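Presented below is the structure to which this report refers.
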Ligand SMILES: [Zn+2]
Ligand SMILES: [Zn+2]
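Chains as they are written, first to last, in the deposited numbering: chain A, 1 to 220; chain A', 1 to 220. A prime marks a further copy of an entry chain.
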């Protein structure tokens, strides 16, 4: 793969969103990956509905504001024959009755691919596919108050990662000699969190925060 | 006990602080309780050093930015014969070598009292003692993005509560007919979090978030 990738430069990535008081990060992660693949397919960047996922993907295994998996959301889009735009089906940060309307569907997928649990494999996927849905351990104040630089947390778990996010690239920091590699990660905690809503996560440091352990992307 | 208590009105409580990128909430919880008891004793409200706790209370069982217990901090203050002011020993949000200086000690304790694991018992303690150190489950985005009203999270755990905070009172909301009781809780996530750095937590709803399960106060 190349030494540094950033899909935001290529137009694959919508501005940062905010999940608010709802455990819906899986939905934001899934729409981010699907936004990337739809852009690759059509050349149109269109913001997708997390609320559509929160409301409607119960049958595939998701639980609205009480958690879910990106794969289950990709499975729902396949089963459902579509997904509504953010504009047509806006974000409410609470689970409600399904209101999917096929007239406003702007996205499709035919399934998903799970990536092998290795940072080498994640890197090849990020390089060649686009933004990748991943789950991380986000449960430390070091992450809550992250501002800049490469995030490294010596208590980070690589098991049962709670928080769905989006890898949009990777790179390295020139000015630091050791441990200088990072994943470029889009969060769903608003623009005011972290670096404009982004975090540089430690890369190739024993799968820090479990970042490569639950990585996947939708097929469109 | 009375129907509503708020120790902030009585002068027991310093302004809200920010723990930053460090798992030191136990230290903020402990200084808050000790600030309350010292004020009761002397009539002087003095901000106490969390950094002093982070740096120096290893021998009593604490682990700096990787966690700790309020009881271990109360034990350290007893063993150490004092605790420095915030001003003399400022907050750095990282563990460093102990720099305690007895010339700047402004607080003392002779131990601590653990409260029985019941909200009835917590209420009697808050009513008659002052601000009470407690641990809660803070590990949901519903808490991260809490803004106002009574916080209630149907997935909240009452086991292994991670996050040390300070109960400064309790009350009830008039305009709501059911589930209207709350604990008034000081956090250490800055003034910009929650309601000026405070949260109203559901009270008498089956020990929501484990709030009564690890409650204590220092004896001064
Ligand atoms: Zn999350
Ligand atoms: Zn905490």
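For every residue, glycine included, the Cβ atom is placed at its ideal position computed from N, Cα and C.
| Item | Value |
| --- | --- |
| Determine whether the Cβ of residue 145 of chain A' lies closer than 8 Å to any Cβ atom of chain A. | yes |
| Along the chain, where does the beta strand (DSSP E) containing residue 70 of chain A' start, and where does it finish? | Not the beta strand (DSSP E): residue 70 of chain A' falls in the alpha helix (DSSP H), residues 70 to 80. |
| CB residue 207 of chain A' to CB residue 133 of chain A', shorter than 8 Å? | no |
| Are the CB atoms of residue 187 of chain A and residue 199 of chain A within a distance shorter than 8 Å? | yes |
| Taking beta-carbon pairs under 8 Å, can you tell me which members of the stretch 167 to 194 of chain A' lie near chain A? | 189 |
| Listed by chain order, which residues have C-beta atoms less than 5 Å from any heavy atom of ligand 1? | A/25 and A/163 |
| Select from the stretch 126 to 150 of chain A' all residues with a C-beta closer than 9 Å to any C-beta belonging to chain A, and list them in chain order. | 139, 140, 141, 142, 143, 144, 145, 146 and 147 |
| Taking 8 Å as the threshold (beta carbon to beta carbon), is residue 51 of chain A in contact with chain A'? | no |
| Starting from residue 29 of chain A', trace the alpha helix (DSSP H) both ways and give me its first and last residue. | 25 to 42 |
| Start and end of the alpha helix (DSSP H) containing residue 122 of chain A'? | 119 to 128 |
| Among A'/185, A'/174, A'/163 and A'/46, which has the Cα closest to the Cα of residue 123 of chain A'? | A'/185 |
| Tell me the DSSP secondary structure of residue 62 of chain A' in three-state form. | coil |
| At a threshold of 7 Å, does residue 176 of chain A count as lining ligand 2 (C-beta to nearest heavy atom)? | no |
| List the DSSP bridge partners of residue 107 of chain A. | A/83 |
| Roughly how far, in whole angstroms, is the beta-carbon of residue 209 of chain A' from the beta-carbon of residue 137 of chain A', given that I think they are within contact range, below 8 Å? | 5 Å |
| Exposed or buried, residue 75 of chain A, counting other C-beta atoms within 10 Å across all chains shown (16 or more means buried)? | buried |
| Measure the C-alpha to C-alpha separation of residue 50 of chain A' and residue 84 of chain A and round it to an integer number of angstroms. | 49 Å |
| Using a C-beta to C-beta distance shorter than 7 Å, which residues of chain A' count as neighbours of residue 19 of chain A? | 141 |
| Between the stretch 91 to 101 of chain A and the stretch 21 to 35 of chain A, can you find at least three pairs of beta-carbon atoms closer than 8 Å? | yes |
| Quick check on the DSSP output: the alpha helix (DSSP H) that includes residue 142 of chain A' runs from which residue to which? | 141 to 144 |
| Please determine whether the Cβ atom of residue 138 of chain A' lies at a distance below 7 Å from any heavy atom of ligand 2. | yes |
| Would residue 66 of chain A' count as contacting chain A if we go by Cβ distances under 8 Å? | yes |
| Compare the Cα-Cα distances from residue 38 of chain A' to each of A'/203, A'/82 and A'/119 and report the closest residue. | A'/82 |
| Do residue 201 of chain A' and residue 151 of chain A' have their C-beta atoms within less than 8 Å of each other? | yes |
| Along the stretch 12 to 42 of chain A, where does the CB come closer than 9 Å to a CB of chain A'? Name the residues. | 18, 19, 20, 21, 22, 23, 24 and 25 |
| Please say whether residue 5 of chain A' and residue 169 of chain A' have beta carbons closer to each other than 8 Å? | yes |
| By a C-beta neighbour count over all protein chains shown, 10 Å radius and 16 as the cutoff for buried, is residue 218 of chain A' buried or exposed? | buried |
| In the structure shown, what three-state DSSP assignment does residue 54 of chain A' receive? | helix |
| Please classify residue 212 of chain A' as buried or exposed, where buried requires at least 16 neighbouring CB atoms within 10 angstroms. | buried |
| Taking 7 Å as the limit between beta carbons, can you name the residues of its chain near residue 7 of chain A, skipping five residues before and five after? | 13, 36, 130, 131, 168 and 169 |
| To which residues of the same chain is residue 119 of chain A closer than 7 Å at the C-beta, ignoring the five residues directly before and after it? | 203, 204, 207 and 212 |
| Compare the Cα-Cα distances from residue 190 of chain A' to each of A/145, A/104 and A/178 and report the closest residue. | A/145 |
| How far does the beta strand (DSSP E) with residue 163 of chain A' in it reach, from first residue to last? | 163 to 172 |
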